[PDB]
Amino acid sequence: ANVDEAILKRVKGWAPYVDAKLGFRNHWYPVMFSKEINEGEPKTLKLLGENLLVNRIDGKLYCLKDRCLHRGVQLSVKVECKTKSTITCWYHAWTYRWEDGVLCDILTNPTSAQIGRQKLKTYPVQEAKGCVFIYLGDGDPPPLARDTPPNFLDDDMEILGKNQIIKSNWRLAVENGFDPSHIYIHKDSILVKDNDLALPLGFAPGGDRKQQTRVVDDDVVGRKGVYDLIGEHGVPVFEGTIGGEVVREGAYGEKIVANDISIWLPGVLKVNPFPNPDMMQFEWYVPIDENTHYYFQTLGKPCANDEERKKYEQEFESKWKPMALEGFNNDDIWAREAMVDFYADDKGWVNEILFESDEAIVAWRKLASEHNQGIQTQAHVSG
């Protein structure tokens, strides 16, 4: 639906994934933090190519398509919320209920035949762990757990994070996250030095192809993902050689991190533990449009009470956000940006030359192709 059929015929291992330039419809995605949306302060964002409005009304979140039914303007150009329960388009005052999107009033013509006979698209919205998730899909949503990595929703897991807009397609971000050999780019990170991490340059893979990953397609809340098992039977590379000479060494530190690495539909990485042995990292790559993603980064730590939560918040602000979320992952940002040109014409999916550690990436591409809940298309965006 999105890519030249002639390219899709050349990527038969994972053609639906290559078609999914706008992401997968009918999944939950995080778009902002709960603390960023105040009572009665609607916010605009673009998700899977669609402009949306989110509002908090008596503490509850609601999501309306930011596109008037009448002349297709963004209501957000000039927000008019004239009652708690409604928003009025600024142009001809078509008025919609947040709760169900029904056209309930038109201020410029209270006799219109359109009143009560039209509905603006709404999307389900849930807050969990101080994160705002939108179900960009149609019909009854699944539990949020389906589209979140294991442990993210644990009662005692405290989540703190950072969000920003990155100019690469979401898939280049997912693959960069889940790529076992990309950790070469992190060899000079401040985090690796100041937090004393064991970080190899890469891994010489051991065992058979089928042992390099574990597909999870039998999780009982319907979660679908892949674990990277390259470190299980693989030999970590700490001495980089050219023609047999050592030219580079890996990070010779004491702290073992990233024993468990997994990627989940719709596009969320879990790294456990990271960036410290007592915490884990969960990061989403949320499709905004064909060219752009939200890099929605979270660190989780079990905290038993308000005192542990406060101690974690203080370490997050003082150490883990600047050292790890910024000082380690900033190199991922320009890596993603560097892949844009090759994949921009959809040709890089045919012309890439993969090697052994990309087994993790190919397993993800297949999992995503088989288990996605729909391919978002320009028809969903416009129609």
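Numbering starts at 1 and follows the sequence shown. C-alpha atoms forming the largest set that superposes within 1.5 Å between two forms make up the rigid core.
Novice: Quick one: core-superposed, which stretch strays further from the shown model in 5 other deposited structures of this protein, 102-110 or 201-209? Go by RMS C-alpha distance.
Specialist: Larger mean C-alpha displacement, comparing 201-209 and 102-110 in 5 other deposited structures of this protein, is found in 201-209.
Novice: Give the stretch, out of 83-91 and 239-247, with the larger mean C-alpha temperature factor in the deposited entry.
Specialist: Result of the comparison: 239-247.
Novice: Could you check the entry and say whether 204-212 or 92-100 has the higher mean CA B-factor?
Specialist: Taking the mean B-factor of the alpha carbons in each, 204-212 is higher.
Novice: Going by the entry, which of 125, 145, 220, 131 has the most elevated CA B factor?
Specialist: The C-alpha B-factor peaks, among 125, 145, 220, 131, at 220.
Novice: Tell me, please, which of 25, 365, 10, 371 has the highest C-alpha B factor according to the deposited entry?
Specialist: Most elevated C-alpha B-factor of the set, per the entry: 10.
Novice: Place residue 117 in the lowest, middle or highest third of its chain's C-alpha B-factors, as listed in the PDB entry.
Specialist: Middle third of the chain for residue 117's C-alpha B-factor.
Novice: Going by the recorded CA B-factors, say which third of the chain residue 322 sits in, lowest, middle or highest.
Specialist: For residue 322, the deposited C-alpha B-factor lands in the highest third.
Novice: For residue 305, does the deposited CA B-factor place it in the lowest, middle or highest third of the chain?
Specialist: It falls in the top third of the chain.
Novice: Would you mind checking where the Cα B-factor of residue 186 ranks among the modelled residues of its chain, as the lowest, middle or highest third?
Specialist: According to the entry, residue 186 has a C-alpha B-factor in the chain's middle third.
Novice: Within this chain, which third does the Cα B-factor at residue 377 fall in: lowest, middle or highest?
Specialist: CA B-factor rank for residue 377: middle third.
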